[PDB]
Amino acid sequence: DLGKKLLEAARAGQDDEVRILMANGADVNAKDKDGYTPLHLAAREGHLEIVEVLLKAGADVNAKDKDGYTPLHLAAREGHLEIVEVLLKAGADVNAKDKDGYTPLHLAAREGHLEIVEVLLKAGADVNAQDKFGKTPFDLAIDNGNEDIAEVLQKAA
């Protein structure tokens, strides 16, 4: 099965295996048990070249797992700036929400990624976005000692 192998190669960061699998008609939008697609794993593990290659294939940039996570959600969380930009240039939902109401701006502000916070704010990230707890990206930035990020958000808000 080319699907399962494309998922393994995508997360392990095996470019050539990815290019070969895809050449042999591997489903770029293949899903596993947890609802992950090769794009999710690549974005999460930070395999840039694997990400763009999949984006060219026509992979769904907005695909969601059983938690509501989009590739952009994982990229903002892990802190892969370059990957975040590529997803956004591909047409990623800058304001997508998971099961907890988290937007990419929420996770970035929570993890302390100031660079990504910026790019997201340029993409159209709603600073006033609220998770299912009523908290905003600004609230989380403060809850985690991320001051520099909180200042940028208070200015953007």
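The numbering used is simple: start at 1 and walk along the sequence shown.
- Two stretches are in play, 47-55 and 27-35, and the higher mean C-alpha B-factor belongs to 27-35.
- Comparing 102-110 with 121-129, the higher mean C-alpha B-factor in the PDB entry belongs to 121-129.
- Annotation for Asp60: C-alpha temperature factor in the middle third relative to the rest of the modelled chain, per the entry.
- Compared with the other modelled residues of the chain, the Cα B-factor recorded for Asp93 ranks in the middle third.
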